[PDB]
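Asks:
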Amino acid sequence: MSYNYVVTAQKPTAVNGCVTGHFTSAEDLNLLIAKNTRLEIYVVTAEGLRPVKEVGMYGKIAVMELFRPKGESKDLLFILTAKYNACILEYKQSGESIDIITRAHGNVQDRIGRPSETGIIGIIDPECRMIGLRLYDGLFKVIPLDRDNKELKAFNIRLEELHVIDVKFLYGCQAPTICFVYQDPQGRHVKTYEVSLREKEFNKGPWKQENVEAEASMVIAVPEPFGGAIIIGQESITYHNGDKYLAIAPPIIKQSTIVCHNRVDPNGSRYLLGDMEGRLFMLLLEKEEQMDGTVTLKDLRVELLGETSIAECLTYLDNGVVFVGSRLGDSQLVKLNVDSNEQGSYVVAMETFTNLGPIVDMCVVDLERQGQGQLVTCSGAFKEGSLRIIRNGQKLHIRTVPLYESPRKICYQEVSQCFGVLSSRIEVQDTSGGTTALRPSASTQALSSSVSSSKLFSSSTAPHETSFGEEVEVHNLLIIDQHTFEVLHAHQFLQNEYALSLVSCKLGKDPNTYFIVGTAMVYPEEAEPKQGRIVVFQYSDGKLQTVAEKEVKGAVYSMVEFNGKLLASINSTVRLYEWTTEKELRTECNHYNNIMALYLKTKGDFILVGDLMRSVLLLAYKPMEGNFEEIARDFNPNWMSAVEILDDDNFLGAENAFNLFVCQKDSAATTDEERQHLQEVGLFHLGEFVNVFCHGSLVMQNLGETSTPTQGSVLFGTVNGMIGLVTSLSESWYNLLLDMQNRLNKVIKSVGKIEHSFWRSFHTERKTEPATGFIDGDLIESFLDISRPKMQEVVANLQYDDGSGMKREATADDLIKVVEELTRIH
Amino acid sequence: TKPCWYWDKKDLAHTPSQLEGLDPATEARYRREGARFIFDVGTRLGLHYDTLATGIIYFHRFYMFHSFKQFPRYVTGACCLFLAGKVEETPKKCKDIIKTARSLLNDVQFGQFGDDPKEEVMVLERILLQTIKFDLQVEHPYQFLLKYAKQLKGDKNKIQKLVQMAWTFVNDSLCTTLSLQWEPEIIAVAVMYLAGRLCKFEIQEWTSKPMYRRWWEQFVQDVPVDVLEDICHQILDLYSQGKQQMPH
Amino acid sequence: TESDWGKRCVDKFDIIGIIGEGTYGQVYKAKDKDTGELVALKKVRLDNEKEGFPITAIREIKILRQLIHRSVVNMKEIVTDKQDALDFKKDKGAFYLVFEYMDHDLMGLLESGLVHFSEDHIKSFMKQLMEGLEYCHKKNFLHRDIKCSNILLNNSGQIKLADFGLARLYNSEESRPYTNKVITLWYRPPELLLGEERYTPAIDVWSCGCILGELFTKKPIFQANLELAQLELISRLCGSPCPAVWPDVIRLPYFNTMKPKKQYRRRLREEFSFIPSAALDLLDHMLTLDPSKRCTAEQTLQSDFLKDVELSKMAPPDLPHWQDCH
Ligand SMILES: CC[C@H](CO)Nc1nc(NCCCCCc2cccc3ccccc23)c2ncn(C(C)C)c2n1
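Chains as they are written, first to last, in UniProt numbering: chain A, 1 to 393, 708 to 1140; chain B, 20 to 267; chain C, 715 to 1040.
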C-alpha cells in the first residue's frame, strides 16, 4: 500500500458564479461569488466590496441562487453540488460570531438517468414555491419549497423534449411556468409548460412558438412590467410573450458569441450582455404605454459599452459598478459611465482581482538564487493570456506578464537567461485571402521575429477551403527574458501547424543548448493528425536559428530529455531518438501498444506513459539491447489529464473526472503477471482538473534542517487556478493523520451537512469508491482553526505507534505542533 | 480450416506401429485392448457414453501418428479419457483415473505407467493435444442412431429391438478402426442395416418413403451398399474371432 | 495445411504489448510477420498440471471452432513456445490462442467516458449482438458471462462477442444441473440470484438488456456488491419476485431466504421514460423476471427497434480522436 498527502497552496481563483441579494441582513446588498468549492460573501459599499465571510463546501458548487420565501426577513441560499448534494443555507450573526446554518439538505441523485449535455441547471420560482432542477435528459425534478421539506424530497415529471438547452421560470403567470429552448431534428424551438405541485405533472403552457435560431443559447425571464422572455443567440436576440414577437439582429453581436446576461433595472428595461471577445453590451427594452394604461415592449436595442475581461458571470450591483466574474482572466470591478471617454468607451476599470485562470503548463525555476523556487505558470486564455510568476513571501506574491494570446507550454533555458513559451493567437479569414489578428499580442509585438519556411508539407496536394470570417489558430514560439519579461523573439509555425510540446536541453555529444518543439498538422477534416514535426531551434545572439527538423507521421503530443536522447510520443507510438554528430535526429527504439501517448515522464531508465483511455504504463529502456520493455501497466481504464513519477515504485495520475490516483509496481516476483500489474493503491477525489504535475516547492529551503514528516514535493496546476501539492508519508505517520481525520470529521460541522468521506470518494459517472492512501491535508490543517473544546474532544484516546513508545497519548498542544510543521510545506 | 480424420483401409498397412515391425494382428489387438481399457475405466467411473467414445476416438487417431512401441497404450488410453472428460464436460481428476486403472490392470501392465503414474499421463497431454491438432469436437454414431430411429414409425417393440442391437454394434465398433474409416453417420446407418438384416426386418416400411428400398439414402446421401456391407462384415468379424455371438 | 494447429511457433508473431490480464489470463497484442496482421494471443499455461490444460480454454477452443458468425470472435489458430527437443516430459512451454485484434472493448470505451451513442448507433450495436447471440442460442450454446468487458468493437462499428470460457451446451428437452453462479453480479439474471441452477438461455438475454439500458444512460443499471443488494435494485425497478408474475418462483431455492425490502411494483417504464418508445419496449421484455416470459434472442430481432435496422449502414460510435485530447 502507499501513503500520500495532498494540500492546497493557492485556492481556486476562477469565478464560477455570482449573484446579488440580501443574504447577510435584510438591509445590506451582498455579492456572493462562487469559486470551485469556495463561497465568498461580500457587502456592497460605495467604494467597492467589504468582505464578511468565506466558507468551504465539500463539493463543487454547481447551482447558486438566492430566494426569499414569504415569512423570511432575508434571502436564503440554495446550493447544489456537482455530486448532487443539495442544501438551503442561512446567514446568522451573533455579535462577532458569524456562522452558516444548514436549514435543509439531501442528495437528489437518481438511480437511473442520463446526464444532460448543457449541464445541471437550477432555477427558482418567482413566488419561491419550488426549485427546478434539470439534471437528466427527459426529466424535470421538482423540490417543492414547503416548510416541512427539511430533507429536500423531490419528484420527477416526464419531459418529452429530451435535448434542453436552457430553462427559466417566467414572470407574470397564473401558475408556475417554465420557458425552455429545446433541440430536436427540426432545429431548436422555444416552448412553455406549466408546473402543478398538486397534480405533480405538466399542464399546457401559456404560449408555444417555434423556429428560434439554430444556436439559441440563453433564456431571460423578463420582469413583470414587460413579462415574457428574451432569447439570446449567435446572430439574433428575440422577445417572446404570448402573441408579441420582436427580433433584433444587429451585426455587432455576430462577431463574438454572447455567454452571460444580467438584469440592470428591476423593471427589466435594461440588461447587460457579454461576449467571448470581452465586449460588454447594454440590452435596452423600449417601453410604449397605450392609452389603455398598459405598457408593451416597443423595440429591442443593443448598444456597445466597452471591454471587460472575458466574463463567465456578470452582476450589476449598484450605482454604475458592475462585477465582471471571470474564469479565463482576471475578475474585475468596472464602472459604467453615462458619458463616453475620449476613446468612445463607457467602461472604466476600478479594481482587478487576480485569477490564475487556466494553468495550461508551468515550470519551477529559482530565478533570484534564493534556494527557494518560483513558479512561472502559463495562465489565461485568448486576450487574457498571461504569465504569472509566483513566489512565497504570509501570502503568495504574483507578478503578471500580459501576453494577450493563449499560452500552451513553458520551459526554462538557463544558458540563455530566458524562457520558451508556445502560444496560440486567433486570426480570422479576411477579404485578402489571408487572416487578420483581432488585436496585437506577444507574437505580434516581439522585438525580433521569424517564420518557418519548412518544405516538408510544402508538397501539400491536399486542398483546404477557407470562408471569410472563420477563425484559425496561429501557433508561435516565444523567447521571453527572465529579468525583463520582454518577448525577445517570436517564431511563427506553419499554417495549420499546432505547437504541442517544448523542451530545452542538450543532446548527445552536442554542447549547444537547444529549444525543441513538437508539432502536429491540424486540418478540420482529420479526426487524428497524420503529419507532424520535431524542430530543433537554437536561441543565440537574439536570433532563433533552425538547426534540424524531423518529419513524423502524427502529432508530437509529448517530449522529454532522456539521458542525452530525445524521447517523443507520436500518437500511438513512443519513440527514442539519438542526436548524431551530423546534428540530425535518428530513431533508436519504438513502442506501439498505445491508443494516444498523451503524457510522458522519466526517471533514470524508466518512462511513465499517460494514455487517453488506458491509464498509465511503465516502460524501461534496455541499454544492453537498444529497445523498450513493458515493466508494468495499469489495466483499469482511466482518461488521463496529467501524470507524474513520485519514486521508482509509485506513480501519480490525474483523471478527467477530477480524481487523483497512485499506482504501485507489485514488486512481488512470484508470477510475471503480478509484476506487470500496476495496483491502484491510492484513490482521491480532488475536485479540480489537473493539467500539469511539476517537481519542486515554493518553500524557503536554502539549507536542509528541520525537514518535515513529509518527503518529496510535487506541485500541480488546475483549470480553476488552484495550485496544489502532493507529498509522501511513512506508514505510521499516515495512520496517525488518518485516524485524526476520522476524528475531525465527527467534530467539524460541514456546510450543507455534506459528509467529508463522501466528498473525497473517487467518483465517475460509473464508479464511486472510498478514498484510500491520501490524507486530505486541508482537513488536517483545519484542526488549528477549531475551538479549544473541539481540539480536546479530537485528541481523546489518540495513540501513535512505531515511536519510542508503542502507544503514546497525544495532547492538543502536541498536535498543534505537528499541524504547524505540516503547514510549512507550502 | 478443419483437418481430415479419415483414412482408407489400405493405409493402415503403414501406421508407425506397422513400420516398426509390429504385425497387423498385434496392432489390432493393441487397439482393442486400449479401447476396451478406456471403456472399462470410464464405465467404472460412471462416465457418459459419449465421453468414453471421445477418448476412444482420440486414442485411435493418436496411433495413426505414433508407434505403440514408443507410447505405452494404457498410458495413452488413460490420458485420452482424462482429456475426453474435460472436453465433454464430465471431468475427472487424474488421480482417480489412475486409481481405477490400478484396479483393472495387473502389475506388469501397470508397469507402463512407470514410477509416477499421474506424471506419465499428465505429461502426455501436451503431445495428445498437438497430435489431434486441437480438433476436440467429435460426433459419434449414437446421436445419429437416435436421430434416425426417431423418424421410424411402426411397431414400438421391433424398433426398440433394432435400436438396442445397433447400439451394441456401435459399442463394439469402437474396438476397431472403423472410427478412422467412415464418418459416424455412416456407422449409425450401417449398424441399423446389420440389425435389420439379422432381425429379418425391412426398415423401409417404417420410413416416410416405404417404397424406397434403399431406406438409408434419406438419412445419409451418397452411401453405396458396398460401404455398408464392408462395415457390417468388419463388425461381425469381431464376434466370429472371439467366443461371443451376435446379441439378438 | 491451415488446420494443423498447435505446431506453428509463436516466433511468427511480433509481440506489440500486453493488452489484457485477469481471470481470462494474459492476452498480448501481436503482429504476424508473414501476413502483417494484428492478432491477440491468449497465453494458456498447462504448467500448473493441477488439472492440466485449463477447461476455460478447452471450451473456448471447442466452441469457437464450431461457431462462425460476424458477431462472434474468430480464433485463427493455436501456436506454441519453443519446445524442448525430444524431451516432451521436461517441456513446460505454454500455448497461445490466436484471435483477431479488436480495436476496443465496450467497458474501456464506456469507463473512459470517451464515447457517445445515438439511437442509430445503439440499433447497429444491439442488432449485431443479438444476431450473434441468436446464432449461438440456436446452436444450443449458453455464453454465461455477458458483460461490457466481453463485447469487442472495431472502429468499423462491427461488434463481436468474446470470452466463451464459461460456455456450455444446453438441452432443450432435458434439464441439466449447472454451476449456480455464472454471470457477473451487475449483469446476473434474477433466476441465478435465487439459484436456479437449471438456467435457460434466457440468462444471456437478461444480461444484454442490462447493456441495452446501460447504452442509454452510460451507467450500468444494477450495481451492487452483494447478491441480496442486487436483487433489491432489480426489484426496485422490475418488481419484486411474486408468484403472480413468476409462477415457479416458489421452486427457486432462496425465494424465501432472499426477500426484498418491499413487494415493489414495476417502475421500469417510468424510470426509463427518457428512452425511445421502440427501445423501451425491448428493455421491458428483456428485463422480464420470469425466465419463461423473458423474450428470446430471435424475438428481439423481430422487434420494432431492431427488425428494420439495415446492417450494411454500420454507423460507428462517436470515437473521441483528437477532439477529446484537446
Ligand atoms: C482483458 C480480456 C479481454 C477478453 O475479451 N481482452 C480482449 N480484448 C480484445 N480487444 C480489445 C482491445 C482493447 C484495447 C487494447 C489495449 C491496448 C493497450 C493498453 C490497454 C489497456 C487496457 C485495456 C486494453 C488495452 C480482444 N480481441 C480479441 N481477443 C481475444 C483474446 C478474445 C480480445 N481479448
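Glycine included, every Cβ here is placed at the ideal spot set by N, Cα and C.
Suppose only complete runs of 3+ residues qualify. What are the beta strand (DSSP E) ranges in the stretch 855-921 of chain A, listed by chain order?
Replies: The qualifying runs are 857-866, 870-876, 879-884, 887-893, 899-905, 911-917.
Asks: Find out if the Cβ-Cβ distance for the pair residue 848 of chain A, residue 864 of chain A is shorter than 7 Å.
Replies: Yes.
Asks: Does the separation of the CB atoms of residue 727 of chain C and residue 754 of chain C fall below 7 Å?
Replies: Contact: no.
Asks: Starting from residue 717 of chain C, find everything on chain B with Cβ-Cβ shorter than 7 Å and list it in chain order.
Replies: What residue 717 of chain C touches in chain B: 20, 21, 22, 152.
Asks: Could you spell out where the alpha helix (DSSP H) holding residue 14 of chain A opens and where it closes?
Replies: Neither: residue 14 of chain A is in no alpha helix (DSSP H) and is coded neither H nor E.
Asks: May I have a chain-ordered list of the beta strand (DSSP E) segments no shorter than 3 residues that lie completely inside the stretch 956-985 of chain C?
Replies: As far as the stretch 956-985 of chain C is concerned, it has no whole beta strand (DSSP E) run of at least 3 residues.
Asks: Does the stretch 178-195 of chain B come close enough to the stretch 133-152 of chain B that 3 or more CB-CB pairs lie under 8 Å?
Replies: No, the stretch 133-152 of chain B does not touch the stretch 178-195 of chain B.
Asks: What is the DSSP secondary structure of residue 217 of chain B, reduced to helix, strand or coil?
Replies: Helix.
Asks: Tell me the residue span of the beta strand (DSSP E) that contains residue 275 of chain A.
Replies: Note, residue 275 of chain A: beta strand (DSSP E), 270-275.
Asks: For ligand 1, is there a heavy atom less than 6 Å away from the beta-carbon of residue 776 of chain A?
Replies: No, since every heavy atom of ligand 1 falls outside the 6 Å radius drawn around the Cβ of residue 776 of chain A.
Asks: Please confirm whether any heavy atom of ligand 1 lies closer than 6 Å to the CB of residue 857 of chain C.
Replies: False, no ligand heavy atom lies under 6 Å from that Cβ.
Asks: Are the beta-carbon atoms of residue 1020 of chain C and residue 841 of chain C separated by less than 7 Å?
Replies: A contact, by the Cβ cut-off of 7 Å.
Asks: Can we say the stretch 68-77 of chain A touches the stretch 87-95 of chain A, given the rule of at least three CB pairs closer than 8 Å?
Replies: Touching, yes.
Asks: Measure from the C-beta of residue 66 of chain B to each C-beta in chain C and report whether the shortest distance is under 7 Å.
Replies: Cβ-Cβ to chain C under 7 Å: no for residue 66 of chain B.
Asks: Excluding the 5 residues flanking residue 1074 of chain A on each side, which residues of the same chain have their C-beta closer than 7 Å to its C-beta?
Replies: Only 998, 999, 1085, 1090 meet the Cβ criterion.
Asks: Taking CB distances under 7 Å as the criterion, tell me whether residue 906 of chain A reaches chain C.
Replies: By this cut-off, residue 906 of chain A is an interface position.
Asks: Assign residue 1021 of chain A to one of three DSSP states: helix, strand, or coil.
Replies: Three-state result, residue 1021 of chain A: coil.
Asks: Secondary structure at residue 83 of chain B, three-state DSSP: helix, strand or coil?
Replies: In the structure shown, residue 83 of chain B sits in coil (DSSP, three-state: anything other than H, G, I, E or B).
Asks: Shortest alpha-carbon distance to residue 1037 of chain C belongs to which of A/926, A/989, A/943?
Replies: Nearest C-alpha to residue 1037 of chain C: A/926.
Asks: I'd like the ranges of any alpha helix (DSSP H) spanning at least 4 consecutive residues and lying wholly in the stretch 921-962 of chain C.
Replies: Complete alpha helix (DSSP H) runs here, min 4: 941-952.
Asks: Where does the unbroken alpha helix (DSSP H) through residue 260 of chain B begin, and where does it stop?
Replies: Here the alpha helix (DSSP H) through residue 260 of chain B covers 244-260.
Asks: In chain order, what are the residue ranges of uninterrupted alpha helix (DSSP H) at least 4 long that sit wholly in the stretch 305-339 of chain A?
Replies: Qualifying alpha helix (DSSP H) stretches: none in this window.
Asks: Please compile the residues from chain C whose C-beta is within a distance smaller than 7 Å of the C-beta of residue 148 of chain B.
Replies: Those within 7 Å of residue 148 of chain B in chain C are 720, 767.
Asks: Please check if any C-beta of chain C sits within less than 7 Å of the C-beta of residue 358 of chain A.
Replies: It does not: the Cβ of residue 358 of chain A has no partner Cβ on chain C nearer than 7 Å.
Asks: Identify which residue in A/843, A/712, A/923 has its Cα closest to the Cα of residue 873 of chain A.
Replies: That would be A/923, whose Cα lies nearest to the Cα of residue 873 of chain A.
Asks: Please list the residues of the stretch 739-763 of chain C that have a C-beta atom closer than 7 Å to any C-beta atom in chain A, keeping them in chain order.
Replies: Under the 7 Å Cβ criterion, the stretch 739-763 of chain C contributes 740, 743.
Asks: Measuring alpha carbon to alpha carbon, tell me which of B/160, B/102, B/202 ends up nearest residue 25 of chain B.
Replies: Among B/160, B/102, B/202, the Cα nearest to that of residue 25 of chain B is on B/202.
Asks: Rounded C-beta distance between residue 793 of chain C and residue 723 of chain C? I'm assuming under 8 Å.
Replies: The pair is a contact, with the Cβ atoms about 6 Å apart (cut-off 8 Å).
Asks: Would DSSP call residue 874 of chain C helix, strand or coil?
Replies: Correct three-state label for residue 874 of chain C: strand.
Asks: Which value, in whole angstroms, describes the spacing of the CA atoms of residue 90 of chain B and residue 725 of chain C?
Replies: Spanning the two alpha carbons is a distance of roughly 29 Å.
Asks: Roughly how many angstroms separate the alpha carbons of residue 855 of chain C and residue 884 of chain C, rounded to a whole number?
Replies: Their backbone Cα atoms lie some 6 Å apart in a straight line.
Asks: Check residue 949 of chain A in the structure and name its three-state DSSP category.
Replies: In the structure shown, residue 949 of chain A sits in coil (DSSP, three-state: anything other than H, G, I, E or B).
Asks: What residues from the stretch 961-993 of chain A come within 9 Å of chain C, judged by C-beta to C-beta, listed N to C?
Replies: For the stretch 961-993 of chain A, which is checked against every Cβ of chain C, the residues closer than 9 Å are 970, 971, 986, 987, 990, 991.
Asks: Please compile the residues from chain C whose C-beta is within a distance smaller than 9 Å of the C-beta of residue 110 of chain B.
Replies: Neighbours of residue 110 of chain B on chain C, chain order: 765, 769.
Asks: Along chain A, which residues have their Cβ under 9 Å away from the Cβ of residue 1036 of chain C?
Replies: Result: 834, 836, 840, 841, 842, 843, 869, 910.
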